[PDB]
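Participant: This structure is in C-alpha coordinates; I'll ask about it shortly.
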(Lines of atoms letter the chains of each structure in order from A and count residues from 1; the text may use other names and numbers.)
(Lines give C-alpha, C1' and ligand atoms only; values in the text may rest on other atoms or scores of the structure.)
Protein backbone atom coordinates (compact mmCIF):
# COMPACT_ATOMS: atom_id res chain seq x y z
CA UNK A 1 0.00 0.00 0.00
CA UNK A 2 2.16 2.83 -1.37
CA UNK A 3 1.09 6.35 -0.40
CA UNK A 4 2.03 9.96 -0.87
CA UNK A 5 2.03 13.08 1.27
CA UNK A 6 -0.17 15.87 0.05
CA UNK A 7 1.21 19.37 -0.38
CA UNK A 8 -0.06 21.74 2.26
CA UNK B 1 -35.63 17.13 -11.46
CA UNK B 2 -34.16 20.67 -11.57
CA UNK B 3 -32.57 21.83 -8.28
CA UNK B 4 -32.76 25.18 -6.54
CA UNK B 5 -30.02 27.50 -7.67
CA UNK B 6 -28.27 30.35 -5.90
CA UNK B 7 -26.14 33.19 -7.22
CA UNK B 8 -23.10 34.94 -5.83
CA UNK B 9 -20.24 37.07 -7.08
CA UNK B 10 -16.66 35.85 -6.83
CA UNK B 11 -13.71 37.47 -8.67
CA UNK B 12 -16.07 39.84 -10.54
CA UNK B 13 -17.97 36.95 -12.13
CA UNK B 14 -21.55 35.85 -11.26
CA UNK B 15 -21.97 32.13 -10.59
CA UNK B 16 -25.39 30.53 -10.45
CA UNK B 17 -25.20 26.99 -9.11
CA UNK B 18 -27.44 24.38 -7.50
CA UNK B 19 -27.41 24.53 -3.70
CA UNK B 20 -25.73 21.15 -3.59
CA UNK B 21 -22.45 22.98 -4.22
CA UNK B 22 -21.27 24.90 -1.18
CA UNK B 23 -18.32 26.95 0.00
CA UNK B 24 -17.21 27.86 -3.48
CA UNK B 25 -13.61 28.98 -3.58
CA UNK B 26 -11.98 30.68 -6.64
CA UNK B 27 -9.13 28.37 -7.68
CA UNK B 28 -7.98 30.34 -10.68
CA UNK B 29 -8.55 32.74 -13.54
CA UNK B 30 -8.31 31.29 -17.04
CA UNK B 31 -8.99 32.64 -20.53
CA UNK B 32 -11.28 29.76 -21.52
CA UNK B 33 -13.10 29.57 -18.16
CA UNK B 34 -12.71 30.18 -14.41
CA UNK B 35 -12.70 27.39 -11.86
CA UNK B 36 -14.00 27.31 -8.28
CA UNK B 37 -13.40 24.58 -5.75
CA UNK B 38 -16.54 23.57 -3.95
CA UNK B 39 -18.02 21.03 -1.62
CA UNK B 40 -20.50 18.82 -3.35
CA UNK B 41 -23.03 17.97 -0.63
CA UNK B 42 -24.50 15.13 -2.69
CA UNK B 43 -21.27 13.20 -3.08
CA UNK B 44 -19.72 14.52 0.11
CA UNK B 45 -16.59 15.31 -1.85
CA UNK B 46 -14.65 18.40 -2.82
CA UNK B 47 -15.06 19.01 -6.53
CA UNK B 48 -14.07 21.56 -9.12
CA UNK B 49 -16.66 23.66 -10.86
CA UNK B 50 -15.81 25.29 -14.16
CA UNK B 51 -17.82 28.19 -15.50
CA UNK B 52 -17.03 28.31 -19.23
CA UNK B 53 -16.26 31.83 -20.46
CA UNK B 54 -18.31 33.29 -23.34
CA UNK B 55 -18.86 29.81 -24.78
CA UNK B 56 -20.94 30.95 -27.78
CA UNK B 57 -19.12 34.10 -28.68
CA UNK B 58 -18.04 32.98 -32.17
CA UNK B 59 -18.54 29.86 -34.33
CA UNK B 60 -15.11 28.69 -33.16
CA UNK B 61 -15.94 29.01 -29.45
CA UNK B 62 -19.31 27.33 -29.86
CA UNK B 63 -17.68 24.44 -31.63
CA UNK B 64 -14.87 24.31 -29.03
CA UNK B 65 -17.48 24.28 -26.30
CA UNK B 66 -19.42 21.49 -27.98
CA UNK B 67 -16.27 19.45 -28.48
CA UNK B 68 -15.34 19.61 -24.80
CA UNK B 69 -18.78 18.67 -23.55
CA UNK B 70 -18.83 15.69 -25.92
CA UNK B 71 -15.32 14.58 -24.98
CA UNK B 72 -15.99 14.94 -21.28
CA UNK B 73 -19.35 13.19 -21.51
CA UNK B 74 -17.61 10.32 -23.24
CA UNK B 75 -14.86 9.68 -20.67
CA UNK B 76 -15.57 6.81 -18.33
CA UNK B 77 -12.35 5.49 -16.84
CA UNK B 78 -10.75 5.49 -13.35
CA UNK B 79 -7.53 6.98 -14.70
CA UNK B 80 -9.25 9.78 -16.65
CA UNK B 81 -11.40 12.72 -15.48
CA UNK B 82 -15.08 12.05 -15.38
CA UNK B 83 -17.85 14.56 -15.82
CA UNK B 84 -19.55 14.54 -12.40
CA UNK B 85 -22.20 17.01 -13.46
CA UNK B 86 -22.89 19.61 -16.09
CA UNK B 87 -25.53 22.29 -15.74
CA UNK B 88 -27.00 25.59 -16.83
CA UNK B 89 -29.20 27.88 -14.75
CA UNK B 90 -31.22 28.29 -17.96
CA UNK B 91 -34.69 26.78 -18.10
CA UNK B 92 -34.94 26.88 -21.89
CA UNK B 93 -32.75 27.10 -24.95
CA UNK B 94 -33.48 30.78 -25.60
CA UNK B 95 -32.23 31.80 -22.17
CA UNK B 96 -29.40 29.25 -22.34
CA UNK B 97 -26.15 31.18 -22.21
CA UNK B 98 -23.89 29.70 -19.52
CA UNK B 99 -22.30 26.27 -18.99
CA UNK B 100 -20.73 24.77 -15.83
CA UNK B 101 -18.77 21.53 -15.55
CA UNK B 102 -18.19 19.56 -12.37
CA UNK B 103 -15.22 17.26 -11.99
CA UNK B 104 -13.61 15.48 -9.09
CA UNK B 105 -10.85 17.12 -7.04
CA UNK B 106 -7.84 14.85 -6.22
CA UNK B 107 -6.06 17.73 -4.30
CA UNK B 108 -2.64 17.43 -6.03
CA UNK B 109 -0.94 17.38 -9.36
CA UNK B 110 2.25 15.56 -10.24
CA UNK B 111 4.39 18.74 -10.21
CA UNK B 112 3.34 19.50 -6.66
CA UNK B 113 3.86 15.90 -5.64
CA UNK B 114 7.45 15.84 -6.79
CA UNK B 115 7.83 19.22 -5.14
CA UNK B 116 7.54 17.87 -1.59
CA UNK B 117 8.74 14.28 -1.64
CA UNK B 118 10.94 11.86 -3.48
CA UNK B 119 9.24 9.03 -5.38
CA UNK B 120 10.30 5.40 -4.86
CA UNK B 121 10.68 3.26 -7.96
CA UNK B 122 7.45 1.68 -6.76
CA UNK B 123 5.65 5.02 -6.98
CA UNK B 124 6.97 5.64 -10.45
CA UNK B 125 5.87 2.26 -11.73
CA UNK B 126 2.38 2.73 -10.41
CA UNK B 127 2.04 6.25 -11.73
CA UNK B 128 3.21 5.46 -15.26
CA UNK B 129 1.17 2.27 -15.39
CA UNK B 130 -1.96 4.28 -14.66
CA UNK B 131 -1.07 6.96 -17.20
CA UNK B 132 -0.62 4.16 -19.70
CA UNK B 133 -3.78 2.45 -18.55
CA UNK B 134 -5.77 5.60 -19.19
CA UNK B 135 -4.05 6.23 -22.49
CA UNK B 136 -5.05 2.77 -23.63
CA UNK B 137 -8.65 3.73 -23.01
CA UNK B 138 -8.41 7.19 -24.52
CA UNK B 139 -6.61 5.94 -27.58
CA UNK B 140 -8.99 3.07 -28.22
CA UNK B 141 -11.69 5.71 -28.62
CA UNK B 142 -9.52 7.54 -31.22
CA UNK B 143 -8.89 10.45 -28.94
CA UNK B 144 -5.50 12.07 -28.61
CA UNK B 145 -4.78 13.93 -25.40
CA UNK B 146 -2.50 16.33 -27.26
CA UNK B 147 -0.96 17.82 -24.11
CA UNK B 148 0.38 15.36 -21.49
CA UNK B 149 2.66 16.83 -18.78
CA UNK B 150 3.00 16.66 -14.97
CA UNK B 151 0.46 19.41 -14.44
CA UNK B 152 -2.32 17.52 -16.22
CA UNK B 153 -1.78 14.58 -13.92
CA UNK B 154 -3.76 14.56 -10.69
CA UNK B 155 -2.60 12.26 -7.92
CA UNK B 156 -3.99 11.41 -4.47
CA UNK B 157 -2.90 10.09 -1.04
CA UNK B 158 -2.91 6.58 -2.35
CA UNK B 159 -0.90 7.48 -5.44
CA UNK B 160 -3.94 6.99 -7.69
CA UNK B 161 -3.80 9.00 -10.90
CA UNK B 162 -6.22 10.67 -13.34
CA UNK B 163 -5.44 12.35 -16.62
CA UNK B 164 -7.04 15.80 -17.11
CA UNK B 165 -7.33 18.92 -19.37
CA UNK B 166 -7.31 17.47 -22.93
CA UNK B 167 -5.84 19.71 -25.59
CA UNK B 168 -8.88 21.06 -27.41
CA UNK B 169 -7.46 21.01 -30.99
CA UNK B 170 6.54 24.52 -20.22
CA UNK B 171 4.37 22.49 -22.67
CA UNK B 172 7.12 22.17 -25.23
CA UNK B 173 9.28 20.06 -22.90
CA UNK B 174 6.88 17.12 -23.21
CA UNK B 175 5.89 17.52 -26.89
CA UNK B 176 6.92 15.02 -29.56
CA UNK B 177 9.24 16.45 -32.21
CA UNK B 178 6.99 15.74 -35.19
CA UNK B 179 4.40 18.08 -33.74
CA UNK B 180 6.60 20.68 -32.10
CA UNK B 181 7.41 22.16 -35.48
CA UNK B 182 4.22 20.66 -36.91
CA UNK B 183 6.18 18.39 -39.19
CA UNK B 184 3.31 16.01 -39.61
CA UNK B 185 -0.22 15.55 -38.45
CA UNK B 186 -0.63 14.11 -34.98
CA UNK B 187 -0.58 10.39 -34.26
CA UNK B 188 -1.98 9.29 -30.88
CA UNK B 189 1.62 8.24 -30.29
CA UNK B 190 2.61 11.78 -29.44
CA UNK B 191 1.04 11.00 -26.09
CA UNK B 192 3.47 8.12 -25.67
CA UNK B 193 6.30 10.57 -26.30
CA UNK B 194 4.91 12.70 -23.48
CA UNK B 195 4.79 9.70 -21.09
CA UNK B 196 8.44 9.01 -21.88
CA UNK B 197 9.41 12.59 -21.03
CA UNK B 198 7.39 12.37 -17.83
CA UNK B 199 8.79 9.01 -16.73
CA UNK B 200 12.38 10.12 -17.26
CA UNK B 201 11.82 13.24 -15.13
CA UNK B 202 10.27 11.19 -12.34
CA UNK B 203 13.09 8.71 -12.49
CA UNK B 204 16.06 11.12 -12.54
CA UNK B 205 14.64 14.20 -10.91
CA UNK B 206 15.17 16.56 -13.86
CA UNK B 207 13.49 17.71 -17.04
CA UNK B 208 14.75 15.67 -19.92
CA UNK B 209 14.39 18.22 -22.69
CA UNK B 210 14.16 21.62 -20.99
CA UNK B 211 14.55 23.69 -24.16
CA UNK B 212 14.06 27.45 -24.32
CA UNK B 213 12.84 27.68 -27.91
CA UNK B 214 11.74 25.21 -30.56
CA UNK B 215 15.14 25.08 -32.20
CA UNK B 216 16.98 24.70 -28.91
CA UNK B 217 14.65 21.92 -27.92
CA UNK B 218 14.58 20.07 -31.20
CA UNK B 219 18.38 20.02 -31.06
CA UNK B 220 18.17 18.62 -27.53
CA UNK B 221 15.87 15.84 -28.57
CA UNK B 222 17.98 14.93 -31.56
CA UNK B 223 21.15 14.55 -29.51
CA UNK B 224 19.43 11.68 -27.72
CA UNK B 225 17.39 9.93 -30.42
CA UNK B 226 19.53 10.90 -33.41
CA UNK B 227 18.60 12.77 -36.56
CA UNK B 228 15.70 11.49 -38.74
CA UNK B 229 16.74 8.79 -41.22
CA UNK B 230 15.74 8.81 -44.87
CA UNK B 231 12.53 6.79 -44.25
CA UNK B 232 11.38 9.33 -41.70
CA UNK B 233 12.08 12.30 -43.97
CA UNK B 234 9.61 11.08 -46.61
CA UNK B 235 6.71 11.35 -44.20
CA UNK B 236 7.36 15.04 -43.60
CA UNK B 237 5.08 16.84 -46.06
CA UNK B 238 6.73 20.25 -45.73
CA UNK B 239 9.79 20.66 -47.92
CA UNK B 240 10.84 23.62 -45.80
CA UNK B 241 11.04 21.40 -42.76
CA UNK B 242 12.84 18.72 -44.75
CA UNK B 243 15.46 21.10 -46.17
CA UNK B 244 15.86 22.34 -42.64
CA UNK B 245 16.41 18.86 -41.31
CA UNK B 246 19.01 17.96 -43.92
CA UNK B 247 21.02 21.04 -42.93
CA UNK B 248 21.50 19.51 -39.51
CA UNK B 249 24.66 17.69 -38.49
CA UNK B 250 23.75 13.99 -38.86
CA UNK B 251 23.60 12.19 -35.52
CA UNK B 252 23.32 8.68 -34.13
CA UNK B 253 20.81 7.66 -31.51
CA UNK B 254 22.61 7.53 -28.16
CA UNK B 255 22.72 4.65 -25.72
CA UNK B 256 20.09 5.24 -23.03
CA UNK B 257 21.70 2.98 -20.42
CA UNK B 258 24.64 5.38 -20.25
CA UNK B 259 22.18 8.26 -19.79
CA UNK B 260 20.20 6.66 -16.94
CA UNK B 261 22.75 4.68 -14.96
CA UNK B 262 21.18 3.50 -11.73
CA UNK B 263 17.57 3.49 -12.90
CA UNK B 264 15.68 0.20 -13.12
CA UNK B 265 17.04 -1.41 -16.38
CA UNK B 266 13.41 -2.28 -17.15
CA UNK B 267 12.41 1.36 -16.78
CA UNK B 268 15.26 2.38 -19.12
CA UNK B 269 14.22 -0.39 -21.50
CA UNK B 270 10.72 0.97 -21.53
CA UNK B 271 11.89 4.57 -21.94
CA UNK B 272 13.92 3.40 -24.94
CA UNK B 273 10.70 2.12 -26.44
CA UNK B 274 8.73 5.27 -25.77
CA UNK B 275 11.37 7.76 -26.90
CA UNK B 276 11.74 6.41 -30.38
CA UNK B 277 12.06 9.20 -32.95
CA UNK B 278 9.81 7.65 -35.62
CA UNK B 279 6.32 7.76 -34.15
CA UNK B 280 5.39 4.59 -36.03
CA UNK B 281 7.93 2.62 -34.00
CA UNK B 282 6.93 3.92 -30.58
CA UNK B 283 5.40 1.37 -28.23
CA UNK B 284 1.66 1.64 -27.73
CA UNK B 285 -0.24 2.14 -24.48
CA UNK B 286 -1.66 -1.34 -24.93
CA UNK B 287 1.81 -2.73 -25.66
CA UNK B 288 3.52 -0.75 -22.87
CA UNK B 289 1.02 -2.01 -20.29
CA UNK B 290 2.36 -5.54 -20.82
CA UNK B 291 6.00 -4.53 -20.34
CA UNK B 292 7.90 -6.40 -17.62
CA UNK B 293 8.36 -3.08 -15.84
CA UNK B 294 4.71 -3.29 -14.78
CA UNK B 295 4.65 -6.98 -13.92
CA UNK B 296 3.09 -6.34 -10.49
CA UNK B 297 0.19 -4.13 -11.66
CA UNK B 298 -0.59 -5.50 -15.09
CA UNK B 299 -3.96 -7.25 -15.38
CA UNK B 300 -5.15 -7.78 -19.00
CA UNK B 301 -8.69 -8.43 -17.78
CA UNK B 302 -8.83 -5.10 -15.97
CA UNK B 303 -7.46 -2.74 -18.59
CA UNK B 304 -10.64 -1.89 -20.48
CA UNK B 305 -11.10 -0.05 -23.74
CA UNK B 306 -13.62 2.63 -24.62
CA UNK B 307 -16.78 2.68 -26.65
CA UNK B 308 -16.33 4.20 -30.08
CA UNK B 309 -16.32 7.99 -30.11
CA UNK B 310 -18.25 9.66 -32.95
CA UNK B 311 -16.16 12.63 -34.02
CA UNK B 312 -17.94 13.24 -37.32
CA UNK B 313 -19.24 16.51 -35.88
CA UNK B 314 -15.73 17.91 -36.43
CA UNK B 315 -16.26 18.14 -40.18
CA UNK B 316 -19.69 19.72 -39.81
CA UNK B 317 -20.21 23.33 -40.75
CA UNK B 318 -22.81 24.90 -38.49
CA UNK B 319 -24.18 28.29 -37.36
CA UNK B 320 -23.27 29.62 -33.89
CA UNK B 321 -26.79 28.96 -32.70
CA UNK B 322 -26.65 25.43 -34.12
CA UNK B 323 -23.48 24.59 -32.22
CA UNK B 324 -25.19 26.25 -29.25
CA UNK B 325 -28.35 24.13 -29.60
CA UNK B 326 -26.28 20.97 -30.04
CA UNK B 327 -24.60 21.86 -26.74
CA UNK B 328 -27.82 22.60 -24.91
CA UNK B 329 -28.86 19.17 -26.12
CA UNK B 330 -25.85 17.51 -24.55
CA UNK B 331 -26.35 19.40 -21.30
CA UNK B 332 -29.98 18.25 -21.22
CA UNK B 333 -29.10 14.63 -22.07
CA UNK B 334 -26.34 14.13 -19.52
CA UNK B 335 -26.73 11.16 -17.19
CA UNK B 336 -24.94 11.52 -13.82
CA UNK B 337 -22.64 8.58 -13.11
CA UNK B 338 -23.89 6.15 -10.42
CA UNK B 339 -23.23 7.07 -6.79
CA UNK B 340 -20.41 5.26 -4.96
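In chain B, numbers come from Swiss-Prot; the residues present are 4-172, 184-354, in order.
A Cβ is built for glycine as well, from the same backbone N, Cα and C atoms used for every other residue.
As listed in Swiss-Prot for this protein:
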ACT_SITE  B:168  active site, proton acceptor
BINDING   B:30, B:31, B:32, B:33, B:34, B:35, B:36, B:37, B:38, B:53  ATP binding site
MOD_RES   B:16  phosphothreonine
MOD_RES   B:53  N6-acetyllysine
MOD_RES   B:152  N6-acetyllysine
MOD_RES   B:323  phosphotyrosine
Participant: Other Cβ atoms within 10 Å is the metric here; tell me which of the binding-site residues B:30, B:34, B:38 scores highest.
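Facilitator: The residue with the most neighbouring Cβ atoms within 10 Å is B:38.
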Participant: From the Cα of residue B:168 (active site, proton acceptor) across to the Cα of residue B:30 (ATP binding site), what is the distance in angstrom?
Facilitator: 15
Participant: Around the C-beta of residue B:36 (ATP binding site), how many further C-beta atoms are within 10 angstroms, looking at every protein chain?
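Facilitator: Looking across every protein chain shown, the total is 20.
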Participant: Compare the C-alpha of residue B:53 (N6-acetyllysine) with the C-alpha of each of the recorded positions B:32, B:36, B:38, B:168, and give the closest one.
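Facilitator: Given the candidates B:32, B:36, B:38, B:168, the nearest one is B:38.
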Participant: For residue B:323 (phosphotyrosine), what residues in its own chain, 6 or more apart in sequence, show a Cβ-Cβ distance under 8 Å?
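Facilitator: Set apart from residue B:323 (phosphotyrosine) by at least 6 residues yet with Cβ under 8 Å, we have B:74, B:77, B:144, B:145, B:146.
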Participant: Please classify the secondary structure at residue B:32 (ATP binding site) using three-state DSSP.
Facilitator: strand
Participant: Express as a whole number of angstrom the distance that separates the Cα of residue B:172 and the Cα of residue B:184 across the 11-residue gap.
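Facilitator: Result for this gap is 18 Å, Cα to Cα.
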Participant: So if I measure Cβ to Cβ from the residue listed as 'active site, proton acceptor' and keep only same-chain residues at least 6 apart in sequence, which ones fall under 8 Å?
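Facilitator: Listed in sequence order: B:84, B:150, B:155.
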Participant: Please report the three-state DSSP label of residue B:38 (ATP binding site).
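Facilitator: SS state of residue B:38 (ATP binding site) = strand.
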Participant: Same chain, not part of B:30, B:31, B:32, B:33, B:34, B:35, B:36, B:37, B:38, B:53: whose C-beta falls within 8 angstroms of the C-beta centre of the ATP site? Give them in sequence order.
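Facilitator: Here the nearby residues are B:54, B:56.
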Participant: For residue B:32 (ATP binding site) and residue B:16 (phosphothreonine), determine the Cα separation and express it in whole Å.
Facilitator: 10
Participant: How many Å lie between the Cα of residue B:36 (ATP binding site) and the Cα of residue B:16 (phosphothreonine)?
Facilitator: 11
Participant: What is the separation, in Å, between the Cα atoms of the residue listed as 'phosphothreonine' and residue B:152 (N6-acetyllysine)?
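Facilitator: Their Cα atoms are separated by 30 Å.
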Participant: Could you measure between residue B:152 (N6-acetyllysine) and residue B:34 (ATP binding site) for me? Cα positions, answer in whole angstrom.
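Facilitator: Per the Cα atoms, residue B:152 (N6-acetyllysine) and residue B:34 (ATP binding site) stand 20 Å apart.
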